[PDB]
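What follows is one chain in C-alpha cells, specifically the form deposited in one PDB entry.
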C-alpha cells in the first residue's frame, strides 16, 4: 500500500496532504478512486489543487490500459484467508479472499461469530497454511467479542496468544452511526499496511435497531449502500478481505448486489453444521461440513 505522504517530492505541500487526511484521503489508491468533483468539496481544497494532485498521483501507480498478464500478476497478491475448515477452504477456492467482499449468513445459533473469531485467529498465520500474516479489524455490532476465546484459539494454533490478541483490533459499534464513523476512520489504520482483514459481526444489527418502521428502510438501504460501498472500496484499496455477518436471506437486492461471495449456514446433527455456498464469481454452489470446537471452526474429523 502507498499512502499520500510520499507525495512530498512530487510537489505537494504539507497543507494539501493534511487537507486530504482530514477529508478521508489516506492513500494514493483513494486519491485515484475519488473523483475531482468529490475532491473539490474537501474542506480547504480549491478547484485547481485537486487536478494537480491527480496528475501528481497518476505518476506513481500506472493507471491505464495493461495486458491481462500483469493483471494476473496483480491478482496474485490477494490472500486466501483460511476459514478454519479445510473443506470450507477448498469449496471457496482457498477461503475468504482479500480485495473482495464475502458474506456469511444464516439463522441464529449457526456458528457465525465463531467463524469471525476463527478468522481473527488464523489471519495472523503466515503464508502456506491459509493465513495472511496481516492484522484484523473487528467491529462488534453485537457486543459479543470474547477476547479470551481468541487467546484460546491462539493456544490451539500454537502461537504466542498475547501477540495474537495485540494484533487483532476491536471496536464496539454502539450504534449504526458509530459503525459508519469507524469504517470511515479505517483510513489511518489500514494505511500502515499491517491490517489485512475487516470482520463485521454483525453488519445489519445496528441498522435494524436504529432504523425501525417501513418509513426509513430506503434510507437505511442507501446508507447501507454507502457503508457497503466504503467497505468494498476499502477492500480494493488496502487489499483486505471484508467478512460480513448477517442474520435471516435478508438485506435485499442491495446486500445481494453488494456481496460478491455469499455463504449460508444451517444446523446439522449435534455440533455438526452444514454450509452452502450460494453465490460466488468463481465457483458453483456446493456443500460443506464443519464443526465448532476448542479451536474454533474446523472439520468434523478434527
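Numbering follows the first chain given and starts at 1. In this text, rigid core is short for the largest set of C-alphas that superpose within 1.5 Å between two forms.
The gap between residue 248 and residue 249 holds 10 or more unmodelled residues of the deposited sequence.
Another form, the form deposited in another entry, is not on view; read the next lines as being about it.
When the two forms are overlaid on the rigid core, CA displacement between this form and the one not shown of 2 Å or more is confined, within 277, 254, 274, 56, to 56. Here residue 291 does not count as shifted, since its C-alpha moves by less than 2 Å between this form and the one not shown after the core is aligned.
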